[PDB]
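A single chain, nothing else alongside it, follows as structure tokens in the form deposited in one PDB entry.
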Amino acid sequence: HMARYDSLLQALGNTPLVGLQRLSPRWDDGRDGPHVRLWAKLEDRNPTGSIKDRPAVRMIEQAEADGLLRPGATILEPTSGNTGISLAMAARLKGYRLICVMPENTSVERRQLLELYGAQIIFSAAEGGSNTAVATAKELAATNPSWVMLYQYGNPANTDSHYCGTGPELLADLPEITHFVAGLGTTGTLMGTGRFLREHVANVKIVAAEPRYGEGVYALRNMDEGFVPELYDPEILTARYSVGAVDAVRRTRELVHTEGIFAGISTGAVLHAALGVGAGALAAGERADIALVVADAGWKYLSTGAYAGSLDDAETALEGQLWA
């Protein structure tokens, strides 16, 4: 036995870390100085194809250990994007009923996909900005004590899945890590992976990549202004890079072209930040081993037209598109 599992939930994490020899500023050290290396952590190697499998499973089993989820409970979650798929898969495999509260703009194709997983989907209506999914789910949950809202936006088990998973896994394959670059959505990946790495690597850099394009996890929400995510700790990040549509898209196209990795649209932001951090490593003469997260694959996004034709069409195509 090398990879025999009794359930799909066991085939989670322990994802590949793949060196990018072509796309890296300099893979081999030499005459002009130390190497600047990019390493890609392939989180699409997960049950549903995204990094959200980790926190989804960890939230349920924390809720079990905490005694909130008992055998016949229904999980109620305000959601969008990859978390919808991950929670649907995880709830089912764990024997729970799931209701997803989703913003009224969710596609019918995506509704039907989650319903095939067994989730009941409730659309909140929202005559305002993007939606009211959270407050609706919170009210529904208040209706029945065996109805439990996990709330990924503020659930510590979100960041714990990366402190206990993504982080230790990174440090095991990349003891020489100098930088960690990931997308900033709920902040779980950054806060959890980052706290772990900072406790073990003396001045590792934790770099937030922040897409300026599409829609993120908080899109389904009405937020207070210039908000702070509930999971966010202000002393973990050492840097943030804000990344535009055109830059994101050509980085994603380059990754496929030169490394054969077909990544999701959030990885464009991550790659751009990473390459900019890398270009700094010797403008400064310094060595770099930069781990970067590929949080999902392109399959889900190629319908968009974001990988085809002109970068103008691609940029236009990213409008209104969930990247998380």
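Heads up: residue numbers just count along the shown sequence, starting at 1. Between two forms, the rigid core is defined as the largest C-alpha subset superposing within 1.5 Å.
> Should the higher mean CA B-factor in the entry be assigned to 119-127 or to 243-251?
Per the PDB entry, the higher value belongs to 119-127.
> Per the record, averaged over C-alpha atoms, which has the higher B-factor: 88-96 or 215-223?
It is 215-223 that shows the higher mean C-alpha B-factor.
> Considering only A141, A208, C164, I177, which residue's Cα atom bears the greatest B-factor as recorded?
Comparing C-alpha B-factors across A141, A208, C164, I177, the maximum falls on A141.
> Highest Cα temperature factor in the entry, among the options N155, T189, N82, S107: which one is it?
Among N155, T189, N82, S107, the highest C-alpha B-factor in the entry belongs to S107.
> Could you place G183 in the lowest, middle or highest third of its chain by Cα temperature factor, using the values in the record?
For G183, the deposited C-alpha B-factor lands in the lowest third.
> Please place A135 in the lowest, middle or highest third of its chain according to the CA B-factor in the PDB entry.
It belongs to the highest third of the chain when residues are ordered by C-alpha B-factor.
> Which third, lowest, middle or highest, does the CA B-factor of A73 fall in along this chain?
Within its chain, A73 is a highest-third residue by C-alpha B-factor, going by the deposited values.
> Could you look up the Cα B-factor of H272 in the entry and say which third of the chain it sits in: lowest, middle or highest?
Its C-alpha B-factor, which the entry lists for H272, ranks in the lowest third among residues of this chain.
> Looking at the entry's B-factor column for C-alpha atoms only, identify whether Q10 ranks in the lowest, middle or highest third of its chain.
Middle third of the chain for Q10's C-alpha B-factor.
Here the subject shifts to the form deposited in another entry, a form of this protein not shown in this document.
> If you fit the two forms on their rigid core, which residue out of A133, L170, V181, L87 shows a CA shift of at least 2 Å between the shown form and the other one?
Result of the superposition: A133 is the only one at 2 Å or more.
> Core-aligned, does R70 move its Cα 2 Å or more between the shown form and the other one?
The answer is yes, as the C-alpha of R70 shifts between the shown form and the other one by 2 Å or more after core alignment.
> For a quick test of reading the superposition: does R110 move by 2 Å or more at the CA between the shown form and the other one, rigid core aligned?
The answer is yes, as the C-alpha of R110 shifts between the shown form and the other one by 2 Å or more after core alignment.
> After the core is matched up, is the C-alpha of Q120 off by 2 Å or more between the shown form and the other one?
Yes: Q120 shifts by at least 2 Å between the shown form and the other one.
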